[PDB]
Amino acid sequence: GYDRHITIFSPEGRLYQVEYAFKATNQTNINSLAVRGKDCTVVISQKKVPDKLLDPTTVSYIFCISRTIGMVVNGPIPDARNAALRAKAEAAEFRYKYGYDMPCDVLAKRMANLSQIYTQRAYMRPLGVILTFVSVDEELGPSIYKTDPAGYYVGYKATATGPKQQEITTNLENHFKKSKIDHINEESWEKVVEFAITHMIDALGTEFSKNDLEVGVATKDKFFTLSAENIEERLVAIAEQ
Amino acid sequence: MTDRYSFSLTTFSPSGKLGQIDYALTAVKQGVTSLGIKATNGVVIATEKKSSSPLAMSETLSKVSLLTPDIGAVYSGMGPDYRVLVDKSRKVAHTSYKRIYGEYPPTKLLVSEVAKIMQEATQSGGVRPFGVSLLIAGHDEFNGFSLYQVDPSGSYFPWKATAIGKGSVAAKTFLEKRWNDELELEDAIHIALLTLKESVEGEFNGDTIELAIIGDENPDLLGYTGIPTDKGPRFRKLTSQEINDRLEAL
Amino acid sequence: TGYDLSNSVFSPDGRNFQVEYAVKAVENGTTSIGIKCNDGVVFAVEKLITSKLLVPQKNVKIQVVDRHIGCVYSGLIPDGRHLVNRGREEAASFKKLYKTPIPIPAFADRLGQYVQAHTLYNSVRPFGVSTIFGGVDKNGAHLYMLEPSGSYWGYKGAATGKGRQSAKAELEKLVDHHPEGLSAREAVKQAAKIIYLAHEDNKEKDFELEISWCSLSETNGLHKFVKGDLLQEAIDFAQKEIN
Amino acid sequence: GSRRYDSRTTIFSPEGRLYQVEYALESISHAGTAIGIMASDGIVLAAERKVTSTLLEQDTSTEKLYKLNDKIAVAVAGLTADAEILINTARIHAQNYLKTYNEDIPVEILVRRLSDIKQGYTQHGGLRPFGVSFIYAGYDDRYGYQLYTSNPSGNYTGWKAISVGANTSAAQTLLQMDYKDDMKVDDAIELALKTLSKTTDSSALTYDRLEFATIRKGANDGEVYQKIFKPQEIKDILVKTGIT
Amino acid sequence: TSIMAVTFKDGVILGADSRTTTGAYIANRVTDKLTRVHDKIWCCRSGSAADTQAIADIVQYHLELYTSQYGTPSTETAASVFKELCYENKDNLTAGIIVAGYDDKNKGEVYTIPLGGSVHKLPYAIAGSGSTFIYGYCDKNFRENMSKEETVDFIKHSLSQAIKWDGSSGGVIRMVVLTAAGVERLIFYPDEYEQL
Amino acid sequence: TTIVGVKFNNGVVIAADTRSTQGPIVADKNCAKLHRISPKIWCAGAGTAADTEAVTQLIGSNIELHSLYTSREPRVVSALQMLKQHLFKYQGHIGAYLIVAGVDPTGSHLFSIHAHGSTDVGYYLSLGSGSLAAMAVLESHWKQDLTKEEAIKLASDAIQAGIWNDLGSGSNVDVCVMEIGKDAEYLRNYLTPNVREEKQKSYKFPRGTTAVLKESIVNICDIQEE
Amino acid sequence: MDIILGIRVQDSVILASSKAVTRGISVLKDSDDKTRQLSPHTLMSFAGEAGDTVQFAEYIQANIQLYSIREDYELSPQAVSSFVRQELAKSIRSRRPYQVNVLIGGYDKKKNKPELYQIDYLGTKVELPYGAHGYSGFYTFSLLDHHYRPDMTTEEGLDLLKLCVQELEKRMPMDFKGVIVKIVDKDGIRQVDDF
Amino acid sequence: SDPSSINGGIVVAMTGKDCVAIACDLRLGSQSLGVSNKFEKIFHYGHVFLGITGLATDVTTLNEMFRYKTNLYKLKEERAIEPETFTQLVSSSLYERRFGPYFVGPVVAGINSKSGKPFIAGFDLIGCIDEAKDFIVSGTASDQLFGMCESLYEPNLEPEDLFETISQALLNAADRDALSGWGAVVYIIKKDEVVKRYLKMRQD
Amino acid sequence: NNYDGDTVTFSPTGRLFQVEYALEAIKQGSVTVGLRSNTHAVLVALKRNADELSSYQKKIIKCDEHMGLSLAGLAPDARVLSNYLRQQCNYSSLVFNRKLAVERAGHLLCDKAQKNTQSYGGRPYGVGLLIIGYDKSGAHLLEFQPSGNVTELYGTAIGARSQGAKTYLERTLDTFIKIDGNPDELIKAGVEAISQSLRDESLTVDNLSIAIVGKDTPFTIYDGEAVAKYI
Ligand SMILES: [Cl-]
Ligand SMILES: [Mg+2]
Ligand SMILES: [Mg+2]
Ligand SMILES: [Mg+2]
Ligand SMILES: [Mg+2]
């Protein structure tokens, strides 16, 4: 039974190492969510600092890949940072060679191709991570593209990742079934972040303080993360209506 | 480090079976149904856009891909394996042909190059076979219209019409009754839609079906005028609306 | 089963058992700690005196990287040395290209990526050490702790080895009782105490205390070993607290 | 490390056999039968396509018979994809020889080269062997008309008449019975088709299940012509020989 | 070329002419020699146009990758990356580059990298063929901690003279101002600066 | 060789003469110097003629693959970046001097490139042996906010200056217009001001004028059946 | 080295090559054989730069002898000459090219015809009735153009060759110390020991 | 010293009504010394004809190279290569030796078997394609050939008239060049017959 | 058990069995002792013969004028490691005109041995070494294990029955450290130390091997009748 140790086919045409890499994805016990506005793309993720000895400012699963592209990761931090470093290198090289900023969907494809190689080549293991890339693309507008250990990727109107992804997914599905549009019809990114946090609270059934969340926002020509005090202002506005 | 898997991971078993190739074919069998039909004045290839989530934008996932202006491809099996093969197939069409002869390769030879890549993943060190079967449709001046199937082993066969994946056995029987050598392209599209409806459970419309043709030259899709001999690509992907129009006359 | 025989193999849980076995070697090692103070960091380690024939103060365990970073580790000592050698190469190339000395967070990732790379293939074994390291850069003091998996985070206080539970509890008290912060000289005294308290898990043999520090005010942001009178003062403070 | 997963494709059994070669030969025994017959005035190559379909485009299809150059052709039995790798190598070798010596490559030299490549995969590299057996039909001015076969071991031998693939034991007995040295091409055509007709696992032998080729000096004066038979031409020769 | 960078109270300003020559033919009279390698780190180029464009593109790539990992680089760091390329490839390059940038901690800084690949940190720097004619003028007229308006006049008058005497220099005078307030581009036409 | 590029209101136009030379001899009287990198990115080349086509096709090939990979229409800055880095690597030994123009989702663009890898940006550019004659016309008649009709007129006038005044240039004017939101129109032999006059005499010989030793049929057919 | 001549007659090929070897100031040897037997019915003479000539000739000899053993068959003169041309054509773009010119005289046993091939160091091959390298042709070709017939006997060929050598001994400034003459025909290769 | 004029020789090609013609001299020399009068410079791969002038070793090498490549082309494509496609193959093959080139001046001539259209093309040593409607010239007397062709040529000549025109163009050009002559060959090429004619000319 | 097939595999308790098996080879080897004062450092080694016709296997190797070691375990591995030390001592002298510090020599040996414990295909070294030397900080004694662990000591012993000599040195610690400026007495203490590890056999003239390095004493090895004085 060595067909379960390396990435070769089992008698059912399955790759067990790829399937087990998907299971490692939920080892951190963190849920993330991404949505699109008119002018922006917002990504939120749970933040858990279980040890008091930790410096909470260094605990993060959101990465600034390029000026325009942001990436949130679902999976262990070593594999997350591995993927982060590579994505940063790929984005920089792309700009140097082709003279324009690497699009979000193109980076997603590139990282997905790299993941595909690990499923075919035996000496390399899959990374136990799911990568959600966000930006406001200059051609396609607000964009969410998500990659997994199988080498699969696709665009999203909105998406969710983690142990409780299904609850969040169905919550988002129901909202877009009502509105009948592919985005959050809102002018400011502040209100789109408020939408994201509200619908995560509804889906998970839990309340959040300023230190329980982690937020990333993509606008035209920049991606940035919010501070604890920026999130607090967001939480106050939610509670006041 | 270094890749220390320099040995074959696909080997003959006592019964003469190449296990990994057989298992790759099993993966293809689980895959979503795709088909191809050849007409007198064109070829059609079609498949179902099995969306993994309704939040996913299935237009951003292309199951039918342009390889050259006159050659297209569709698959059944593992999507990621297909995507990288399309990248390699597009590049090899240039490096091993267009940069030498100043023209795009004929269908049979591009198929031959894709097959070679798939064969090598069946013998080279430290790799598994590709878990896909391809259907490649195309046209060239001297061979006319053609349709080819390529398997994980690297073997390829020309077809008048065929199907691969989930419901291929039933689909091939359906095609045998309907196919003749006097079909026009519109007739072949009609038969393709009829055949594909049998293997689809849920929604059946332009948004859940991906369909492309190899037909007449499209000067409107060339992007420039002024060179008489350049008349445009024969590959054309049908729009969501164009599919729905033909579903009313179904 | 058989998932634990080879490195980089995912178990049906999604776990790398070889990395988890490397942690066992870390847990078997001597206690080492790190304390983040107001303008710097302090490192301390327990050295077991296996015999009278060991020359006192000679078998130095704490290692310097560049001139501003200290590194201490628990587990397989040779593995730690190999990791520090790589760290010194990383810090050298950074300074070569960018002129400025490597920032601590930048340095943390360099070690992290290198340790993580030893979980990607079956041709290599994971590191049998957890490394506590840090120093002072342009943005202030930083303390990190890096595991066999390649996982690292920033810390207010950090501990590893056989007496890590005891040490962690002591560190948590300091964080609670000093929200405004701890001075460098206080941190040296406290580090001595915590190692002496953590020595209860290794009470069979007696030990030798070794301390180092980087502080903006006390050492000009350079890594230095605590020696002579300042070391004896910390030993006296530690001995007074256990009695 | 990696040793754990190595099949060791290039080792002897306790009996002194090469496991992988033996198992590759087992694979080839399930492939469609290919027959070669050598006459005084030419060579015949006949081969059976494996259980086909009515929707297979036959006139543009090739799975058995391949052209190596104008004078040499091969019949394939085994993995088609593996064969095409070797066939392209052989085509290049023939052209290398023609460029070097300005003379067409002698048939045996081409056969030896391909056979040596097969041998290498059994002795070094740790890769699986090619699951292919060839029948080589060719002509040169030294030995005239020649038939050879090679198998995954890299061993090759010459023949007056030979079969590879399925039912070779039965086919070889039938050829050994009716073959004579003074035989002509038109007689050899009939023998090849009659042999396939009796050994086939199909219910009946039809044009759509066959590939056929002749190498004749039936080319206008001292020169050699290769003829890969078309579907309609295979249908005619089946009626002529009285099989359909 | 005529290029210069000058530090002042609020930061630093880069200046340049716009003439590119193959021999006596002016191949481009409206060239932009002030080049951006980071938001507030720019450079001035002199020597082979191919070489300095290749170098600046590589530096921009290096600093973009630096920023993604370690945050905003210092001007000293940018100068070091320029130096590494110019020093290690001295046999095959003909490039004279002035690096200028604005930090909030370090404020305005100027580094000059001559042919050899050496680095020199200076209060102001001049380079290019036309700089030879204004060593005297610039040394006499430069003061530390000038205002924005004074620095613009110093550069305008300086490059005006360099253009007047050097046939290789000419066209418009381009300038780029680097302060806490942001990045401002300035342009001055012949009818303006010739009558100075 | 004379090649020019001129920006206008809603796009860009490039033009070229049609003479290619071997020293003082005219090798081809109707040469095609306007090359296609992609449907809406065209470039004109001067210098070593093999180098300008080779480098145009290589980058054009890689641009096509890049366009398929990214699912986006190619950009002129991508063609520019790939061309300059290729040419810099070969230190000027690939003697390609190019004017690159086109339209893409970003807008309309016009750049020149030189064999060593320098690039420049402009509203009007000229390259080749007739570049000084062409640039004289461009510096005399160029203005901001040219129309399409004005830009074609200016470009062809600049090439004519090269044709008549530069011995390296001659014959016809080729033009290619790339307008935003439209197909690029390639106007081969847009002007034909150099048709040869009828000769004074016919030089058709009587049949049997040439002395012949041997005649034979050449077998171009393959080896025959039967 | 210096003069190498070749002539193809009715039923044989005759190669003549000088005997002198000169090291600048002195003639070190006057009996040198500038030829190698490649196969029983194929002979190759050579001339060019010192060292390279013999090194090349022996290398070719070894290769043709290897082919003969492997196939148990003698290559045709045409096939041998093509192999030699390719080696020289490969050599001319090498780091340090072989500076060697050769004549290949062979009797084709299949066609029953003598054949003479002239190949220079660049890899320039021509089949000829008579040939030479260096300045040898300048003195001898006017005589060969006049007297040569395709139906000449071997004895007539040797007589025409004597007239060529006499003209060389009269008008050439260098003393090449006579020639060694060898005949290639259906019976193989033999040396004319009195010339 | 100049590799392109050591051996000498010329090639010319012309188009006519439903036909093409290609012709060459037969000389091979070592500078002043005439070595061979049977060195043909026109080769054919199927119905596509290739003339090659320049350094003779490269002429031989390239013929052997294009025979090699067109033979593999035919086996894989299952059809003979066409003039337009072959032209691109010559261009590609020459440019791959950009910084160590074959010293040659190739000329392609042929009729497309499907369209019936007459085709000719020329190259420099490094691959640049010159695809003229009227005529192509190459070799040590290319200047002379340009002069003859420019005055003698008219469009839409019948095969037997085209023969006279190209023959007179070659002969009179070769007689004004020291390194060309010693015989000549002319190919007249129609869609399914090719005639080859050796010309009688002065042998000095 | 299932985790001792190669050096690239940890056991479930975090052990490296191939390294532990390499450590076992040292315990089978013949006893060797090391000890030092403030002026000198001494090696004493019991050499082992194959039989009565055979020679006694050499145990001590010189690395430089100021440094050298004694071995216990696989002798060919000691040759590889001592050769590496010779080179490193030599690189230091040629490039930096500097005698290599004994502590730095230990660090180099540790790192060389470590690479063989973390990579596939290789194997750990099967030998233990006792390095003595005199540098700019006086006399030194090091103990090398093929796990990579190098330790600086006043005295030690490795090999079979080395525990007896190690206990003796632990008692005598305060006495032998004070033997300054008297080489003969320091060797006497080393010969008396190694005697606590002997059984059945005693120290003969071709059995005993002694080495010494000190303040004004280059690293020299004594064998044969040169050690009869100490028997
Ligand atoms: Cl990729
Ligand atoms: Mg894998
Ligand atoms: Mg001026
Ligand atoms: Mg003449
Ligand atoms: Mg003459």
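Residues numbered from 1 in each chain as written, not as in the entry; some residues may be left out. Chains lettered and ligands numbered in written order. Part of a larger assembly, values for the part shown. Heavy atoms only, no water.

Its PDB header attributes the entry to X-ray crystallography and lists the resolution as 2.90 Å.

The name recorded for chain G in the PDB entry is Proteasome subunit beta type-4, from Saccharomyces cerevisiae. This structure appears in the PDB under the title "Yeast 20S proteasome in complex with Ac-PAD-ep".

Per the PDB entry, chain D goes by the name Proteasome subunit alpha type-3 and belongs to Saccharomyces cerevisiae.

Participant: Just checking my understanding: could you explain the overall build of chain D for this structure?
Facilitator: Regarding its fold elements, chain D presents six helices and ten strands. What you see for chain D is a C-alpha radius of gyration of 18 Å, in line with the 18 Å of a compact globule of 244 residues. With the C-alpha coordinates of chain D rotated into their principal frame, the extents come out at 65 × 50 × 35 Å. Taking the contacts inside chain D whose residues are at least 6 apart along the sequence as the reference set, 62% of them involve residues at least 24 apart. Per element, the accessible surface of chain D, about 10200 Å² overall, is 47% carbon and sulfur. (Helix = DSSP H or I, 4+ residues; strand = E, 2+ residues; numbered from the N terminus. Rg over C-alpha atoms; globule rule 2.2 N^0.38 Å. Contact = heavy atoms within 4.5 Å. Areas by Shrake-Rupley, 256 points an atom, 1.4 Å probe, with all protein chains shown as cover.)

Participant: Teacher, can you tell me more about the interface of chain A and chain B here?
Facilitator: A common way to report how large an interface is uses the accessible area buried once the components associate. Facing 34 residues of chain A, the contacting portion of chain B comprises 32 residues. Together chain A and chain B conceal approximately 2800 Å² of surface at their shared face, both sides included; 63% is due to carbon and sulfur atoms. Interface area lost by chain A to chain B is led by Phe 9, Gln 120 and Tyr 123 of chain A, which between them contribute 26%. Applying the counting criterion to the chain A and chain B interface returns one salt bridge. For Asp 87 of chain B, the salt bridge identified is with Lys 109 of chain A, shortest N-O distance 3.2 Å. Between the two partners, chain A and chain B, sit eleven residue pairs in polar contact. Taken together, the elements giving at least two residues each to the side of chain A that touches chain B come down to α3 (104–120), β7 (153–156), β8 (158–161) and α4 (165–179) of chain A. Split into classes, the residues belonging to the side of chain A that touches chain B amount to 17 nonpolar, eleven polar and six charged. As defined by bridge partners, β7 of chain A adjoins strand β3 (residues 56–57) of chain B across two bridges and the pair is classed as antiparallel. Of the residues in β3 of chain B, the one forming a bridge with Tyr 156 of chain A is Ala 56 of chain B. (Buried area = accessible area lost by both parts, 1.4 Å probe. Salt bridge = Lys/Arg side-chain N within 4 Å of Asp/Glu carboxyl O. Polar contact = N/O pair within 3.5 Å; in protein donor to acceptor, adjacent residues only side chain to side chain. Nonpolar A, V, L, I, M, F, W, Y, C, P; charged D, E, K, R; others polar. Pairing = 2+ DSSP bridges.)

Participant: So what exactly am I meant to see when it comes to α3 of chain A here?
Facilitator: An α-helix turns once every 3.6 residues. As a result, residues three or four positions apart point the same way. End to end, α3 of chain A covers 25 Å across 17 residues, agreeing with the expected 24 Å (1.5 Å per residue, within 8%). Counting buried residues along α3 of chain A, 15 of its 17 residues qualify, which places the element largely inside the surrounding structure. (Expected span 1.5 Å × (residues − 1). Buried < 20%, exposed > 50% of the residue type's maximum accessible area, 1.4 Å probe, protein only.)

Participant: Could you clarify how one ought to interpret the packing of aromatic side chains in this entry?
Facilitator: When we look at a pair of aromatic rings, we describe it by the centre distance and by the angle of the planes. Evaluated as defined, the whole model comprises 55 aromatic pairs over all chains. Arranged with centres 4.7 Å apart and planes meeting at 45°, the rings of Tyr 97 of chain D and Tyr 101 of chain D form a pair that is tilted. Of the two residues, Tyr 97 of chain D and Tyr 101 of chain D are both situated in helix α2 (residues 80–101); the distance of four residues between them amounts to about one turn of the helix. Feature note: the residues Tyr 2 of chain A, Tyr 5 and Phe 7 of chain B together with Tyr 5 of chain D constitute an aromatic cluster, connected by ring pairs. Sitting over the face of the ring of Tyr 16 of chain A, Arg 4 of chain A holds its NZ or CZ atom 3.9 Å from the ring centroid. (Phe/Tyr/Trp six-rings, centres within 6.5 Å; stacked < 30°, edge-to-face > 60°. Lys NZ or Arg CZ within 6 Å of the ring centre and 35° of its normal.)

Participant: Help me understand the sheet that holds strand β1 (residues 32–36) of chain I, please; the structure alone is not making it clear to me.
Facilitator: Through backbone hydrogen bonds, the strands of a sheet pair up, either in parallel or in antiparallel fashion. Residue and element names in this part refer to chain I. Strand order in this open sheet of five strands is β8-β1-β2-β9-β10, and the pairing throughout is antiparallel. In the strand order of this sheet, the two ends are held by β8 (155–158) and β10 (217–222), each with one partner. Neighbour to neighbour, the strand axes of the sheet diverge by 10° on average, direction disregarded. Bridge count between β1 and β8: four bridges; the pairing is antiparallel. What sits directly across from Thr 32, in β8, is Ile 158. The strands touched by helix α4 (residues 162–176) are β1 and β8; relative to β8, the strand with the most contacts, the crossing angle is about 170°. (Axes fitted to C-alpha atoms, helices over the stretch in contact; angles between N-to-C directions.)

Participant: For this particular structure, what's the right way to read the environment of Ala 188 of chain B?
Facilitator: Looking at where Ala 188 of chain B falls in the secondary structure, it is placed in helix α5 (residues 185–199). Residues in contact with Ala 188 of chain B, not counting those within four places in the same chain, are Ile 37, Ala 39 and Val 44 of chain B.

Participant: I keep staring at the coordination of the magnesium ion (ligand 2) and nothing clicks. Help me out?
Facilitator: Residue and element names in this part refer to chain A. All of the protein donors around the magnesium ion (ligand 2) are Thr 7 (OG1), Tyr 118 (O), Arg 121 (O) and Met 124 (O); their distances to the metal are 2.1 to 2.6 Å. In the primary sequence, the donor residues of the magnesium ion (ligand 2) line up as T-x110-Y-x2-R-x2-M. Pair noted here: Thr 7 is in the segment before α1 (16–24) and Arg 121 is in the loop between α3 and β5 (130–137), with a separation of 114 residues, a long-range link. Judged by relative accessible area, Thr 7 falls into the buried class, the value being 3%. (Donors = N, O, S within 2.8 Å, 3.2 Å for Na, K, Ca; no water.)

Participant: Where do I start with the pattern of salt bridges in this structure?
Facilitator: Between side chains of opposite charge, pairing is possible as soon as their charged atoms come close. Summed over all chains, the structure comprises 100 salt bridges over all chains. In this structure, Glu 217 of chain B and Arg 234 of chain B form a salt bridge, with 4.0 Å as the shortest nitrogen-oxygen distance. In this pair, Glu 217 of chain B is assigned in the loop between β10 (209–214) and β11 (224–225) and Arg 234 of chain B in the loop between β11 and β12 (235–237), connecting sequence segments 17 residues apart. The class of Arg 234 of chain B is buried, set by a relative accessible area of 16%. Taking the shortest distance from any N to any O, the salt bridge between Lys 186 of chain G and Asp 187 of chain G comes out at 3.4 Å.

Participant: I would appreciate a short explanation of the interface of chain C and chain I in the present structure.
Facilitator: Counting residues at the interface gives 30 residues for chain C, matched by 34 residues for chain I. When chain C packs against chain I, close to 2600 Å² is buried across both sides, 58% of that on carbon and sulfur atoms. One can count one salt bridge joining chain C with chain I. Where chain C meets chain I, there are eleven residue pairs in polar contact. Contributions of two or more residues to the side of chain C that touches chain I are made by α1 (17–28) and α2 (77–98) of chain C. Here the element with the most residues in the side of chain C that touches chain I is α2 of chain C; it accounts for six residues. Partitioned by chemical class, the residues of the side of chain C that touches chain I number 14 nonpolar, nine polar and seven charged.

Participant: What am I meant to see in the nonpolar core here?
Facilitator: Membership of the largest hydrophobic core comes to 93 residues, with the highest contact counts inside it found for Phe 133 of chain A together with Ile 33 and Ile 211 of chain C. At nine residues, helix α5 (residues 184–198) of chain C tops the list of elements feeding residues into this core. In this view, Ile 33 of chain C contacts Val 42, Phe 43, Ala 44, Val 72, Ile 132, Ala 158, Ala 159, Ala 167, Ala 191, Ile 194 and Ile 195 of chain C; residues no more than four positions away in its chain are not counted. Ranked by size, the runner-up nonpolar core spans 56 residues in total, among them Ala 132 and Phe 176 of chain G together with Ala 56 and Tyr 102 of chain H. (Core = buried A, V, L, I, M, F, W, Y, C linked by side-chain atoms within 4.5 Å.)

Participant: In this structure, what is going on with the pairing of strand β4 (residues 65–68) of chain B? I would like to understand it.
Facilitator: If a strand is regular, its side chains alternate between the two faces of the sheet. Residue and element names in this part refer to chain B. Sheet analysis places β4 next to strand β5 (residues 71–77), joined by three bridges and oriented antiparallel. Residue pairing in the sheet places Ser 65 in a bridge with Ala 73 of β5. Hairpin connection of β4 to β5: two residues between the antiparallel strands.

Participant: I tried to follow unusual backbone geometry on my own but got confused; where do I start?
Facilitator: If you check the backbone angles, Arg 8 of chain D has positive phi at about 55° while not being a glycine. Tracing the backbone shows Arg 8 of chain D in the segment before α1 (19–28). The phi angle at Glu 78 of chain H is positive, at roughly 60°, despite the residue not being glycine. Of note, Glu 78 of chain H is situated in the loop between α1 (56–77) and α2 (83–95).

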